[PDB]
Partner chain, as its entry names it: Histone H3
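A lone chain, given as structure tokens: the form deposited without its partner chain.
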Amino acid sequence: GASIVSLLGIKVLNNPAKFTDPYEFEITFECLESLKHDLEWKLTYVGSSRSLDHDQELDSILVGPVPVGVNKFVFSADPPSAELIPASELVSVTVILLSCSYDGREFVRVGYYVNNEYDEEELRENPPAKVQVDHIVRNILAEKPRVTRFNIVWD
């Protein structure tokens, strides 16, 4: 049948923000019938393939047992370790992926580009090799999400 769960709404909260501030999304979804499993929402920091920071699962939350109908919650996750961020992640945009899975099967993914920019000109012109995370302003490009749905088996 149709997907048991549909994504109805997503709001990126507290954006822009310090690099060290939690990511926060207010999510509205609906669930059409009772499910055996909870939903697993997770946020993945895609990072940079050249470094040791890539494809990090920041946090997950088990949501359920989900009452049939419209549901709303806030997904929060702390940012990845400042210790692993390479200087290139200021230069080029990075990606964060908010996804939901059911019994390990991903059925919806929302991707966002994230522009990290130093908050003073000298840093922007002459960025230090030791990434000064405390001077990064994180801007999630919230008006250009990439939403992908996957057809999964439910129960």
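Positions refer to the first chain, counted from 1. Heads up, when I say rigid core I mean the largest set of C-alphas that superpose within 1.5 Å between the two forms.
As for the form deposited with its partner chain bound, it is not shown, yet the points below apply to it.
Whether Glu83, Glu122 and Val133 all lie within 4.5 angstroms of its partner chain in the bound PDB entry by heavy atom: Checking in the bound PDB entry: none of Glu83, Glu122 and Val133 is within 4.5 Å of its partner chain.
Indicate whether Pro127 is a 4.5 Å heavy atom neighbour of its partner chain in the bound PDB entry. Residue-level check for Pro127: no, no contact with its partner chain.
Whether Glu33 contacts its partner chain in the bound PDB entry should be assessed with a 4.5 Å heavy atom distance threshold; does it? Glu33: no contact with its partner chain in the bound PDB entry.
Closest heavy atom of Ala87 to its partner chain in the bound PDB entry, within 4.5 Å or not? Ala87: no contact with its partner chain in the bound PDB entry.
Can you check whether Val114 is within 4.5 Å of its partner chain in the bound PDB entry, heavy atom basis? Yes, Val114 sits close enough to its partner chain in the bound PDB entry that at least one of its heavy atoms falls within 4.5 Å.
Using the arrangement in the bound PDB entry, list in sequence order the residues of 131-151 with any heavy atom within 4.5 angstroms of its partner chain. The stretch 131-151, when checked against its partner chain in the bound PDB entry, contributes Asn139, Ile140, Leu141, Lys144, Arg146, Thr148 at the 4.5 Å heavy-atom cut-off.
Mobile residue between this form and the one not shown, C-alpha criterion 2 Å or more, rigid core, from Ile27, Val110, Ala87, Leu123: Comparing the C-alpha positions, the one residue that moves 2 Å or more is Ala87.
Could you check, with the core superposed, whether the Cα atom of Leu52 shifts 2 Å or more between this form and the one not shown? Result for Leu52: yes, a 2 Å-plus shift.
Sense of the change in Cα distance from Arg50 to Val110 in the bound PDB entry - at least 3 Å versus the shown form: Compared with the form shown here, the C-alpha atoms of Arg50 and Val110 sit closer together in the bound PDB entry, by 3 Å or more.
In the bound PDB entry, do the Cα atoms of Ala87 and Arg124 sit closer or farther apart than here, given a shift of 3 Å or more? Compared with the shown chain, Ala87-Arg124 is farther in the bound PDB entry.
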